[PDB]
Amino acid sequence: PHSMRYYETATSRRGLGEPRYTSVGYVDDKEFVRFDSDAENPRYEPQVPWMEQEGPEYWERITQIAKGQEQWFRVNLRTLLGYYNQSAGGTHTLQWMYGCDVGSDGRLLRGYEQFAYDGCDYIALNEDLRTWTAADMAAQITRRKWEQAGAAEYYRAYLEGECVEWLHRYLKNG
């Protein structure tokens, strides 16, 4: 009965500075990998003994993924700024938590896809992995778009695939 989570957060800075982006990974509630844009050389880093038996290609790949994520967060913070009719001088946070609960068998017990804005829940994937709960109307807009684009299918491609397999590869290492 194991689990894997990622918490990717960004906090926008007033002025022309890029947001502060972090990515934290957990296997069975234990932090195993971490990224921080404030680092002198922003890379994904192993936070656990068994993680550093991974090749350099792994680290490079996921680091690039982190870069792309920085882009996503900077764009969508703007989007949310728009939705909520907020002054552009403020500071704001956006968080993406996602992952998978895999049973004793090795099967996907549960999938997680959740987004929060300024501490408050924004939108989340329901247990059936095909429905969304939307906090407010701003969230209702996102729910509409994502329902037309079939976002749940897309996220499910990860949740039902790489999440489980990578979780297992990570358990082997323990």
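So that there is no doubt, residue numbering starts at 1 and follows the sequence shown.
As recorded in the PDB entry, 50 to 58 is the stretch of 109 to 117 and 50 to 58 with the greater mean C-alpha temperature factor. For the segment pair 41 to 49 and 119 to 127, the entry gives 41 to 49 the higher mean B-factor, averaged over Cα atoms.
Ranked within its chain, residue 18 lands in the highest third, by CA B factor from the PDB record.
Residue-level temperature factors show residue 102 in the highest third of its chain, judged at the C-alpha atom. Annotation for residue 153: CA B-factor lies in the lowest third of the chain's modelled residues.
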